[PDB]
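Undergrad: Residue numbers (the authors' numbering), protein chains in the order written: chain B, 11 to 70, 85 to 310, 323 to 421; chain B', 11 to 70, 85 to 310, 323 to 421; chain A, 11 to 70, 88 to 308, 322 to 421; chain A', 11 to 70, 88 to 308, 322 to 421. A prime marks a further copy of an entry chain. A virtual CB, placed ideally from N, CA and C, is assigned to each residue, including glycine. One structure is given below, represented as structure tokens, and several questions about it will come after.
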Amino acid sequence: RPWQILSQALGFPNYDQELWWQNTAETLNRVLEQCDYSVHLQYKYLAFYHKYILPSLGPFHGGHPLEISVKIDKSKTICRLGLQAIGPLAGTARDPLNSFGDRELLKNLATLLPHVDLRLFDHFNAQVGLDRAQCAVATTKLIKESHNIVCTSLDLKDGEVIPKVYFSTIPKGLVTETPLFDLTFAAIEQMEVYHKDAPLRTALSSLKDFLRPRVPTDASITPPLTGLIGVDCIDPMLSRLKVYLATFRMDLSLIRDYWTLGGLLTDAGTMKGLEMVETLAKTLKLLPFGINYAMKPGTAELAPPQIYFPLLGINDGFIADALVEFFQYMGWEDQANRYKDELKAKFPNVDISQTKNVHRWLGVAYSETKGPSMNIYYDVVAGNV
Amino acid sequence: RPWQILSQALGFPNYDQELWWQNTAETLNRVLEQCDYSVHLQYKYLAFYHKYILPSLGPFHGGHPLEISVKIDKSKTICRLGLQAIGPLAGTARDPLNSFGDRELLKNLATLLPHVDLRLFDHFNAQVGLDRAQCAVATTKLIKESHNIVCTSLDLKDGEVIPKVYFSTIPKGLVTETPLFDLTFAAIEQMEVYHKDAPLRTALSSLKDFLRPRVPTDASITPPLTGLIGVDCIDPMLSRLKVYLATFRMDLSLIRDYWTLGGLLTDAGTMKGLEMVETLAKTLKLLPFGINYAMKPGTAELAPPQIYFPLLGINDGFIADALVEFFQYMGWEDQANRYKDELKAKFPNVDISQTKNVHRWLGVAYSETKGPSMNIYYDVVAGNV
Amino acid sequence: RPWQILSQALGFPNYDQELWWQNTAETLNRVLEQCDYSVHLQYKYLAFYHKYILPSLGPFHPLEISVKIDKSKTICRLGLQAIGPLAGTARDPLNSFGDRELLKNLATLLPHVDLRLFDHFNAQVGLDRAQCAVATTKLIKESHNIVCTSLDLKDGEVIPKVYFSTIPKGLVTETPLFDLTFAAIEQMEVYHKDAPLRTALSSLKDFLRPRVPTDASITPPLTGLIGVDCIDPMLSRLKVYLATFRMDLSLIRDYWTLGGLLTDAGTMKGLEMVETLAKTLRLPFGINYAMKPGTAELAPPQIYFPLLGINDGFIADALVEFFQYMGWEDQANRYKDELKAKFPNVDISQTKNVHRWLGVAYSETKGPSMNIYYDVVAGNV
Amino acid sequence: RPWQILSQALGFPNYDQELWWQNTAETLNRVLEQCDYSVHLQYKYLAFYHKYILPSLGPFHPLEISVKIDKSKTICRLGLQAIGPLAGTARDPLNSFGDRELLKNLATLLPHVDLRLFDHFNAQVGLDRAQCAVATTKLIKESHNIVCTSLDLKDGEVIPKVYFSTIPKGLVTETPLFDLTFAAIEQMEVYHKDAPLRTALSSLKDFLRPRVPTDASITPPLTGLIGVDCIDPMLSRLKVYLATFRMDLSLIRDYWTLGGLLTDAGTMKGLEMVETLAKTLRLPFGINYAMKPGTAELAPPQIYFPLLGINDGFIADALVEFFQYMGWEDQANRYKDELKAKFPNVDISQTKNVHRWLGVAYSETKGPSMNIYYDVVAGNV
Ligand SMILES: COC(=O)[C@]1(Cc2ccc(O)cc2)OC(=O)C(O)=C1c1ccc(O)cc1
Ligand SMILES: COC(=O)[C@]1(Cc2ccc(O)cc2)OC(=O)C(O)=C1c1ccc(O)cc1
Ligand SMILES: COC(=O)[C@]1(Cc2ccc(O)cc2)OC(=O)C(O)=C1c1ccc(O)cc1
Ligand SMILES: COC(=O)[C@]1(Cc2ccc(O)cc2)OC(=O)C(O)=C1c1ccc(O)cc1
Ligand SMILES: CC(C)=CCC/C(C)=C/CSP(=O)(O)OP(=O)(O)O
Ligand SMILES: CC(C)=CCC/C(C)=C/CSP(=O)(O)OP(=O)(O)O
Ligand SMILES: CC(C)=CCC/C(C)=C/CSP(=O)(O)OP(=O)(O)O
Ligand SMILES: CC(C)=CCC/C(C)=C/CSP(=O)(O)OP(=O)(O)O
């Protein structure tokens with residue numbers, strides 16, 4: 011009902027927006043129900059999605089697909105939306121790298137939401153953004169669906185909408201012929217919060233020392249590489265800063281290396297998470325792999341990253357069986373016994389035992405305070421067509 | 011909650027729209043609850059009001089106030105919205121009679137709602153609408169809040185939105201120096217449905233014979249007069265056509281004359297409704325009075341009109357006591373025992389025992405098939421300020 | 011140059027609008043120059059086209092630019108199908124909203140634009156959603172349209188006109204086209220108060236009754252379009268258009284003279300001219329009968345020759361020859377060069393789709409006139 | 011005439027936009043003519059102003092048109108405070124969104140517009156919602172603004188500039204203005220990679236340290252504005268503006284020469300000119329120190345004389361006298377007539393608010409220049 015009511019109440023300004031809603035909103039409503047969001051929050055979020063996200067999605085120019093993800097720990101499941109906002113001139117001479125859509129979205133969110141802060145967005149836009157002529161050069165040197173600089177996620181947590189943004193470093197790297205490592209840390213080392221917070225500066229210096237010998241010292245795009253910077257759109261002093269590595273090679277040895285920061289982290293917390301990540305890899309027998329190093333102001337110590345396993349081209353029925361098995365290993369019997377039925381109900385129009393593109397990523401995390409968590413990213417449109 | 015959730019989910023494009031929502035939507039949500047609309051329909055209608063009605067309302085140019093009305097019979101209470109849509113150039117040289125806002129609204133409704141039909145709107149717009157130069161002449165000859173030709177109501181019935189429009193005859197009357205009676209019936213006699221439906225033509229001819237000697241034969245604006253034409257925005261063949269009289273004089277004798285069509289209607293149905301209307305007038309000891329004659333294709337017989345009692349300048353605490361008394365007379369004990377508490381809860385920010393502008397109209401009706409009904413029109417903004 | 015300056019000053023809200031401008035506005039600017047509109051009017055009309063027409067055009088009948096040529100002057104006109112943002116979907120299957128949106132915007136821009144006739148014909152020949160969906164089943168997939176619009180760029184103003192198709196209501200109601208055409212006209216406010224129009228129409232009916240279908244069929248000749256000016260109903264020309272596939276010298280005489288009703292020298296001079304043009308030279325032929333309130337007498341129609349599928353180099357040579365016959369030596373000596381310059385990105389000697397219609401007219405007061413309709417996009421791609 | 015043609019072609023989406031056009035566009039057209047912009051550029055810039063500036067202006088600092096006069100030419104510039112649709116409400120208390128909306132639209136219109144410096148300074152001196160609400164308690168009710176914008180109408184292009192106020196972040200953070208100004212500048216990408224800019228800035232700091240507050244107070248002279256060009260950071264002039272209430276011949280010397288640091292004949296020729304202008308002649325005085333990447337040496341500032349509350353007839357006579365002193369006889373003989381013609385709906389001899397600022401500059405390569413800022417609305421109402 012909510013996704014249908016809102017469709018009857020609001021209609022659509024054009025057919026593209028209708029088509030996006032007809033191929034996403036039922037799934038979104040279902041995910042929200044399954045995660046135990048109340049009716050009022052289902053309406054909150056679907057209304058929000060209708061007004062603010064539909065027009066950002068573009069036509070039904086080369087972007088990553090609209091992704092709904094779930095963050096699962098033993099207590100609860102939190103839903104999140106990941107998108108490439110698309111400007112109305114995206115991919116044309118006037119906007120070759122689609123540099124305006126995501127800021128338009130965030131500007132609109134800043135007058136909607138009382139706790140959204142654009143300062144980190146603006147900071148990183150100044151540091152890794154490009155002018156028109158530089159965007160045109162970057163399109164010549166880039167695969168035709170990487171013609172993007174920023175993208176956006178919306179965490180649907182505690183009855184609020186929490187935006188996050190990701191800035192790609194590659195385009196400025198290609199155009200300026202500057203090493204990715206240098207332009208990443210230079211952009212970070214120029215933040216206001218960096219200049220006033222000793223713990224962040226320590227955490228970063230340790231991260232730099234780990235990354236220096238593993239990533240390129242030259243201007244090449246040779247993995248592993250620092251390809252993305254992530255921030256929360258909140259007070260700079262509260263915001264997690266994230267450095268993402270992209271790489272094509274992952275075996276048990278590189279997992280250990282990335283997870284522990286090459287032997288720096290040796291505590292039982294780290295090793296229990298490591299065992300869990302190694303087990304997951306074995307369970308899957310497994323786009324680049326991602327590694328996400330997270331830092332916060334007021335914290336001098338690096339914690340283990342999150343590792344993202346690409347799932348495109350692996351059968352979704354197998355992934356679902358694999359995840360049930362893995363939830364059993366974790367002692368999450370509740371999650372194991374519903375996952376498969378709940379997956380079928382999110383995507384009723386396809387048979388998951390024949391698809392290979394519905395599960396896209398599986399991110400893994402351990403914290404000592406919070407616990408272990410499972411992040412599953414779905415290509416929503418691929419589960420509705 | 012729904013009115014608040016939608017405010018958090020959607021925000022506002024400008025301050026005027028926020029201010030309208032802050033002074034209407036809580037009351038609207040409360041009315042909808044009191045009338046037993048489910049949560050899902052409360053969201054349906056409030057979302058609708060947010061997207062479609064807020065931008066039509068204009069700044070927080086001379087129009088009638090946004091009105092929420094309730095239609096009460098013993099079974100149920102139906103909620104309705106009445107508004108003057110305001111175009112963005114309303115009252116300026118480019119649009120002196122605000123001739124565009126209501127059509128903009130209806131165009132938007134025609135792509136939203138599957139059963140909305142514009143043919144009657146367009147027909148009456150062709151017959152009583154004016155060009156720019158004629159609109160400017162009419163502004164010279166009109167009171168500065170009658171600078172309007174059409175207005176709109178939205179019946180919120182059976183989980184649907186049913187639009188109705190009202191066309192004022194006075195402006196074309198003033199500008200063309202044509203009698204109001206003539207231009208009203210001429211416009212009606214030119215309808216497609218009139219040309220093909222003998223019963224409507226009979227019903228109308230009886231109405232004409234009753235109205236001819238009571239309203240002006242000349243071009244004057246001397247009451248009683250045919251001041252408004254009302255239609256439903258549905259298939260012309262299903263649509264009720266309504267002719268409204270405005271007048272300043274009402275005593276028991278004119279009530280009898282209007283109610284029975286000067287002795288034409290003499291059945292017990294008509295006389296029971298008459299007794300009820302006479303009692304209501306006595307109970308109130310009572323803007324013009326309105327009389328609304330309703331016709332439908334396939335019906336050759338006129339039924340008694342609805343009579344509208346203006347309540348502006350009478351104390352709202354007295355009206356509420358008066359209505360409780362009157363609901364008792366009718367044997368509607370349920371409605372009598374809640375009316376006063378429910379009224380206070382619709383308008384918590386004012387003390388109704390001191391206001392005089394919250395109740396605006398009280399319309400009365402009797403049908404033999406449906407039953408007696410009570411129509412109460414509230415100035416929503418006056419109950420929130 | 012104006013079309014380039016306005017591009018630099020205004021930009022585009024989206025790529026479709028840019029593309030329409032990049033394939034139409036240079037030509038439009040050139041037509042305006044060739045017709046001797048001043049620089050200020052070139053800017054007036056191109057700025058107008060940018061703000062009001064671009065968004066009506068939809069994603070990138089075809090946008091038509093036409094020229095009305097008599098010996099004194101050449102007047103430029105734009106003919107379009109406005110496209111609503113939900114056109115062709117379940118919510119708007121016959122694109123019934125775009126043209127009214129355009130006209131509402133014009134009613135606040137222009138002091139003399141009147142929507143009463145638009146609204147009257149919309150009420151009479153328009154359809155509701157469910158009837159629009161039935162009509163889409165029974166119609167070719169590019170005739171999913173009810174109204175279109177023209178903008179006459181005359182005397183430094185913009186004069187709108189609208190055209191209502193009768194075919195959809197015909198198919199849905201299974202009513203003869205002749206009956207619904209005249210029924211819609213006979214219901215006008217102006218018809219009820221103007222005897223001369225009623226007479227003129229009764230004579231047109233008497234001529235059309237035995238020539239068009241008495242049944243519900245869509246066979247030619249047929250009353251397929253009603254045209255009105257968006258001005259005071261009492262000043263507005265009402266036009267009834269016939270569409271037909273058969274035209275020979277005998278049918279020309281029949282249509283031109285209303286089957287022998289018109290016999291004056293005015294009529295016969297125009298007849299000789301129209302016969303010659305035919306000799307000099322697949323969409324139907326069009327015949328357009330024009331009536332005005334206060335006029336009881338029918339005049340000869342305008343006849344539209346379809347030119348789609350005929351080579352544009354041949355049409356140009358044919359037109360030069362014909363302008364010579366008329367004693368318009370000036371128009372004959374420039375036509376070919378001016379045509380090349382309107383459409384520089386294409387070779388007009390290779391194309392078959394640039395010239396679309398050639399309408400012809402005679403008046404005794406004004407004179408003979410030539411109306412050339414160009415598919416602008418086909419001369420630019 | 012262009013401003014009238016564009017009005018007829020484009021109309022207005024709402025009355026506020028009409029009103030702004032009816033009180034600004036005639037003047038803007040007249041200024042452009044007087045400065046010898048061709049008809050095509052008059053249309054370029056008025057069409058631009060219609061589409062992009064009107065909706066930014068809000069409901070009907089004040090919209091300023093300025094002229095930069097040297098002996099060769101006069102260049103026209105527009106200075107505005109863009110106004111967001113929720114400006115001044117709880118959702119946007121310091122109007123922090125309008126100017127970025129305007130610049131985003133300019134970035135797709137114009138090929139050379141760059142937002143990196145805009146974004147950098149927005150991150151450094153901008154505030155979140157709760158901090159914007161605190162600043163509104165501590166600020167006069169028309170200083171509820173953080174950024175404003177100018178558009179230089181030079182060489183047939185539009186060159187945007189932005190100005191960030193430091194005062195709000197100052198009040199909210201209780202940080203000295205001097206510290207936050209330089210901290211924001213010292214964090215630029217270009218500062219970290221350009222030694223000459225760092226040197227130029229260090230010399231400016233050394234001059235400003237003992238003259239402006241060391242505490243958090245808002246007392247003069249103070250660093251109140253940072254100005255940047257919206258172009259490649261490496262080409263962009265960075266400007267630090269002082270606002271002060273006290274100016275005599277001694278402080279002029281002090282500001283002009285950087286307290287004796289600059290002693291060359293270029294500096295002293297400009298100094299004589301600025302002294303004369305002062306003799307010839322309540323908002324503060326402005327002093328604008330300009331730096332560029334690749335330049336290690338500070339040049340003399342531009343000094344802005346406030347003219348609000350002084351009679352405009354007297355200012356005009358004062359300017360004629362001063363153009364004579366400069367040997368600009370042409371500019372002296374037309375100034376007064378050209379001023380009357382810019383503002384025909386008002387009598388400029390009765391007004392005190394039309395001329396707002398008079399900025400003065402010397403370069404050795406270019407020459408002396410005169411910048412006159414007009415409150416356009418005050419010359420039209
Ligand atoms: C801009 O980031 C992307 O588009 C991602 C992740 C990514 C990021 C960098 C890179 O070199 C390769 C992949 O590539 C994807 O296919 C994808 O789905 C990504 C992603 C997914 C979810 C999300 O919230 C952000 C990015
Ligand atoms: C256009 O109609 C109005 O504005 C009404 C009713 C009316 C109508 C005609 C007239 O000469 C005097 C009053 O005047 C009112 O004050 C008012 O509230 C009217 C009304 C109210 C509700 C509604 O749904 C339609 C009209
Ligand atoms: C709805 O009318 C059209 O689309 C026209 C003319 C037409 C009109 C009726 C008909 O039965 C068949 C064709 O068909 C065309 O191909 C075309 O170019 C038409 C036209 C052109 C210009 C104009 O102002 C109106 C219609
Ligand atoms: C925020 O800056 C302004 O609004 C200005 C200049 C100013 C700047 C800083 C300050 O502390 C006091 C005044 O104050 C004015 O009255 C005015 O007209 C200013 C101005 C004018 C044009 C321009 O391009 C920028 C600022
Ligand atoms: C291949 C690379 C480097 C990254 C792509 C992986 C991906 C889906 C990144 C977004 S991670 P995010 O949704 O923001 O998750 P949290 O870090 O807050 O748990
Ligand atoms: C003074 C005059 C003539 C009329 C004003 C009275 C008024 C409030 C008219 C709208 S009546 P309406 O809401 O459409 O009620 P229904 O007839 O369907 O019951
Ligand atoms: C009806 C058929 C088959 C073709 C006619 C083509 C057509 C509608 C041309 C426009 S006629 P129009 O431009 O409105 O010209 P005028 O009658 O005012 O001279
Ligand atoms: C800072 C004070 C008090 C007044 C200055 C008034 C002001 C900001 C004028 C604009 S300076 P601007 O137009 O940007 O001119 P240029 O420096 O490029 O010559």
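Cutting at 6 Å between CB atoms, please list the residues of its own chain near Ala356 of chain B, excluding the five before and the five after it.
TA: Within the first sequence, numbered from 1, the residue matching residue 356 of chain B stands at position 320. Cβ within range, chain order: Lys376 and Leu379.
Undergrad: Can you give me, in chain order, the residues of the region 147-176 of chain B that have a beta carbon less than 8 Å from any beta carbon in chain B'?
TA: Taking 8 Å as the Cβ-Cβ cut-off against chain B', none of the residues of the region 147-176 of chain B qualify.
Undergrad: Using only Cβ atoms and a threshold of 5 Å, which residues come within that distance of a heavy atom of ligand 5? Order them by chain position.
TA: Here the residues come out as B:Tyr268, B:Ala270, B:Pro324, B:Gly326, B:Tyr344 and B:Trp397.
Undergrad: Under 8 Å between beta-carbons, which chain A residues line up against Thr116 of chain B? List them in chain order, please.
TA: In the first sequence, residue 116 of chain B corresponds to position 92, counting from 1. The contacting residues are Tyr25 and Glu28.
Undergrad: Determine the burial state of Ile167 of chain B: buried for a count of at least 16 other Cβ atoms within 10 Å of its Cβ, exposed for fewer.
TA: On the first sequence, position 143 is the one that residue 167 of chain B refers to. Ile167 of chain B is exposed by the Cβ-count criterion.
Undergrad: Could you list the residues in the region 111-135 of chain A with a C-beta less than 7 Å from some C-beta on chain B, going in chain order?
TA: Residues passing the 7 Å Cβ filter: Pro112, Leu113 and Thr116.
Undergrad: Kindly examine ligand 2 and report whether one of its heavy atoms sits closer than 8 Å to the Cβ of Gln108 of chain B'.
TA: Position 84 of the second sequence holds residue 108 of chain B'. For ligand 2, at least one heavy atom lies less than 8 Å from the Cβ of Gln108 of chain B'.
Undergrad: Any heavy atom of ligand 2 closer than 8 Å to the beta-carbon of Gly251 of chain B'?
TA: Locating residue 251 of chain B' in the second sequence gives position 227, where the first residue counts as 1. Flag set: Cβ of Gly251 of chain B' near ligand 2.
Undergrad: Please name the residue, chosen from B:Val152, B:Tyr402 and B:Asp233, that lies closest to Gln214 of chain B on a Cα-to-Cα basis.
TA: As a first step, residue 214 of chain B must be located in the first sequence, where it is residue number 190. Closest by alpha carbon: B:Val152.
Undergrad: Taking its Cβ as the centre, do 16 or more other Cβ atoms sit within 10 Å of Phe272 of chain A', making it buried, or is it exposed?
TA: Here residue 272 of chain A' corresponds to residue number 245 of the fourth sequence, with the count starting at 1. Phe272 of chain A' comes out exposed.
Undergrad: Mapping DSSP to helix, strand and coil, what is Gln390 of chain A'?
TA: Counting from one through the fourth sequence, the residue named residue 390 of chain A' turns up at place 350. DSSP places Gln390 of chain A' in coil when its eight states are reduced to three.
Undergrad: Using a Cβ-Cβ cut-off of less than 7 Å, list which residues of the region 26-54 of chain A' approach chain A; keep chain order.
TA: Within the region 26-54 of chain A', the qualifying residues are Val49, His50, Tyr53 and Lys54.
Undergrad: How about the region 160-179 of chain B and the region 233-243 of chain A': do they share at least three Cβ pairs that are nearer than 8 Å?
TA: Cβ pair count under 8 Å is below three, so no.
Undergrad: Check whether the region 360-375 of chain A and the region 336-343 of chain A touch, using three or more Cβ-Cβ pairs below 8 Å as the test.
TA: Cβ pair count under 8 Å is below three, so no.
Undergrad: Kindly confirm or deny that the region 113-132 of chain A' and the region 141-152 of chain A' touch, where touching means at least three C-beta pairs closer than 8 Å.
TA: Yes, the region 113-132 of chain A' is in contact with the region 141-152 of chain A'.
Undergrad: Does any residue of chain B bring its CB to less than 9 Å from the CB of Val255 of chain A'?
TA: In the fourth sequence, the residue the question calls residue 255 of chain A' occupies position 228. Closer than 9 Å: no.
Undergrad: Please report whether the beta-carbon of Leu107 of chain B' lies at a distance below 9 Å from any beta-carbon of chain B.
TA: Against the second sequence, residue 107 of chain B' aligns to sequence position 83. No, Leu107 of chain B' lies away from the interface with chain B (no Cβ there is under 9 Å from its Cβ).
Undergrad: Does DSSP classify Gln214 of chain A as helix, strand or coil?
TA: The residue given as residue 214 of chain A occupies position 187 in the third sequence. Looking at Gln214 of chain A - three-state DSSP - the assignment turns out to be coil, as it is neither helix nor strand.
Undergrad: For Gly251 of chain B', count neighbouring C-beta atoms within 10 Å of its own C-beta (all shown protein chains included) and say buried if the count is 16 or more, exposed if not.
TA: As a first step, residue 251 of chain B' must be located in the second sequence, where it is residue number 227. By the neighbour-count rule (16 or more Cβ atoms within 10 Å), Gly251 of chain B' is buried.
Undergrad: What's the C-alpha gap between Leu136 of chain A' and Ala160 of chain A?
TA: Numbered from its first residue, the fourth sequence carries residue 136 of chain A' at position 109. Numbered from its first residue, the third sequence carries residue 160 of chain A at position 133. Computed Cα separation, rounded: 41 Å.
Undergrad: Do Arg322 of chain A and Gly353 of chain A come within 9 Å of each other at the CB atom, strictly closer than that value?
TA: What you label residue 353 of chain A is simply residue 313 of the third sequence in a count that begins at 1. What you label residue 322 of chain A is simply residue 282 of the third sequence in a count that begins at 1. Not in contact: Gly353 of chain A and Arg322 of chain A (Cβ atoms no closer than 9 Å).
Undergrad: Suppose you measure from the CA of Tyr282 of chain A' to the CA of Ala330 of chain A'; what does that come to, to the nearest Å?
TA: Reading the fourth sequence from its first residue, position 255 is the one you call residue 282 of chain A'. Reading the fourth sequence from its first residue, position 290 is the one you call residue 330 of chain A'. Rounded to whole angstroms, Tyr282 of chain A' to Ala330 of chain A' spans 13 Å at the Cα level.
Undergrad: Please classify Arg236 of chain B: is it buried, with 16 or more other beta-carbons within 10 angstroms of its beta-carbon, or exposed?
TA: Taking the first sequence and counting its residues from 1, the one referred to as residue 236 of chain B is at position 212. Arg236 of chain B should be labelled exposed.
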